[PDB]
Amino acid sequence: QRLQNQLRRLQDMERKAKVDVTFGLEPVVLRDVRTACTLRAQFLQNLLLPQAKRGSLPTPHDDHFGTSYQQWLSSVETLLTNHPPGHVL
Amino acid sequence: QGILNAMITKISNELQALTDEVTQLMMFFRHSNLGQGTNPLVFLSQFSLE
Amino acid sequence: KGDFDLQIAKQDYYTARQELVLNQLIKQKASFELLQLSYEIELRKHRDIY
Amino acid sequence: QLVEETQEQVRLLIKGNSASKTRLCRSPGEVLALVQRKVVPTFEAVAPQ
C-alpha cells in the first residue's frame, strides 16, 4: 500500500512535466530559469565582487553562500517540478 | 482448502496488481532514448545535450 | 588633463564592457550549474526509487 | 589593479567553466549507466519476485 502510494506520487512528475505551465506567452520554465539564473548570478557576482575594489572592509558573504542558495533551491525545485527537461533544453 | 484457494486467488490478484504497477513504472525508467520531443520528456539523462 | 581624459573615457568603456563579458560568463556559469544540479537531483531520485 | 585582479577572476571562472561543459557532456552517460545496470534491474526484479 505504501509503494502504491509511492507510485501515485511518482505518476505526477512526468504528468506535470507534460503540461506547459505558462505565466507572463512565456512559459513558467523560462521565467523560472531567468529568475534562478539571476539569483545564481548574484551569487557569482558576490563571489566575483572585487575585494580590493571594495572601499569598506571585505565582507565574507557566507550568508549569501547559504540563504541565496536555499532560495535558489526552492526556485529550482519549482522549476524542475512544473516543467520537463526537454523544453528546459 | 476451498477458502484457502479463494484467498490465494485474492493474493494472486494482488500480485498481478503489483506486477501491473511495476510494468506501469518501467516505461519511465526504460525511457533512455529521448532523441525526440514526441516521447514524454521524462529524464534529462535520456536526452543528448549536444 | 586631455591626455588623461581621453584614456579615462576609454577606460570607463573598458571597465563597462569587461564587466559585461564577466556577467556573460557569470550567466553561462549559472546556467551550467543549474543544468548540473538538475542532473544531480535526477540521480538522487533514481537512487532513492532504487 | 582591477584589471589584473579581474584576470585572476577570469581564471577562477574558467577553471569551473571548462569543467562544466565536459561533465555535462558525460552527465547523460553515468546516469544511464546507473539506469541500465542498477536501477532498472531493481525495477524489473520486483515482478519476478
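Matching residues to (1) surrounded by 10 or more Cβ atoms within 10 Å (Cβ to Cβ); (2) part of a loop (DSSP other than H, G, I, E, B); (3) at negative phi; (4) of a type in the set (D, E, K, R):
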position	(1), (2), (3), (4)
B:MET7	yes, no, yes, no
B:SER12	yes, no, yes, no
B:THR19	yes, no, yes, no
B:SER32	yes, yes, yes, no
B:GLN36	no, yes, yes, no
B:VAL42	yes, yes, yes, no
B:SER45	yes, no, yes, no
B:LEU49	yes, yes, yes, no
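Under the condition of being more than 7 Å from every other protein chain (Cβ to nearest Cβ), within 21 Å of the chain's Cα centre (by Cα) and under 17 Å from A:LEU48 (Cα atoms), the residues counted in the range D:1-30 number 4.
Can you name the residue in the range A:31-89 that is over 30 Å from C:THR15 (Cα atoms) and small (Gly, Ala, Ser) and is also farthest from the other protein chains (Cβ to nearest Cβ) among such residues? Checked the range A:31-89; the qualifying residue farthest from the other protein chains (Cβ to nearest Cβ) is A:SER74. Tallying residues that are aliphatic (A, V, I, L, M) and loosely packed, with under 14 Cβ neighbours inside 10 Å within the range A:22-54 yields 2.
Among the residues of the range A:1-21, those that are exposed (fewer than 13 other Cβ atoms within 10 Å of the Cβ) and either in contact with a strand residue (DSSP E or B) (Cβ under 8 Å, 6 or more places away or on another chain) or outside any helix (DSSP H, G or I) (or both) comprise A:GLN1, A:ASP12, A:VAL19.
A quick yes/no check of all residues on (1) within 8 Å of chain A (Cβ to nearest Cβ); (2) among the acidic types (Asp, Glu); (3) more than 18 Å from A:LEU30 (Cα to Cα):
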position	(1), (2), (3)
C:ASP12	no, yes, yes
C:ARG17	no, no, yes
C:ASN23	yes, no, yes
C:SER31	yes, no, no
C:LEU34	yes, no, no
C:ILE41	yes, no, yes
C:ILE49	yes, no, yes
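Would you mention how many residues in the range B:23-45 are more than 9 Å from chain A (Cβ to nearest Cβ) and under 10 Å from the mean Cα position of the chain (by Cα)? The number of residues fulfilling the criteria is 5.
Neighbour counts are summed over all protein chains in view; Cβ atoms, including those assigned to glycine, are modelled from backbone coordinates with ideal geometry. Quick note: the coordinates plus some simple rules give every number you see, no bench work behind them.
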